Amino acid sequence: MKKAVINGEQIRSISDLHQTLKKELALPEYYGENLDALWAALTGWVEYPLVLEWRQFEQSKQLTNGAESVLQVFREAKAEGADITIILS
């Protein structure tokens, strides 16, 4: 049971969000830092089960609408078989 943590109050941009994901999920060095690259990582790199804890999501949404698009990719992966548990704390 792997765990990834996003401290929402430290996310200041969509680029920063991708950099954090790259670090937390130990993604490949060439990670594209975009929604398609994220989907690629969730379907071809990340190991499950995974618990994704995104603290202070409301703040990420503000510093940024890009946060919701990222969250949506995780939820889509979950709907499509990935054993992911998302905690919005």
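Numbers follow the displayed sequence, beginning with 1.
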| property | result |
| --- | --- |
| Where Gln56 meets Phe57 in the shown sequence, the number of deposited residues left unmodelled | none |
| 78 to 86 versus 3 to 11 - greater average Cα B-factor per the deposited record | 3 to 11 |
| Of 14 to 22 and 66 to 74, the stretch whose C-alpha atoms average the higher B-factor in the entry | 14 to 22 |
| Within-chain third of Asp36 by Cα B-factor, per the entry | lowest |
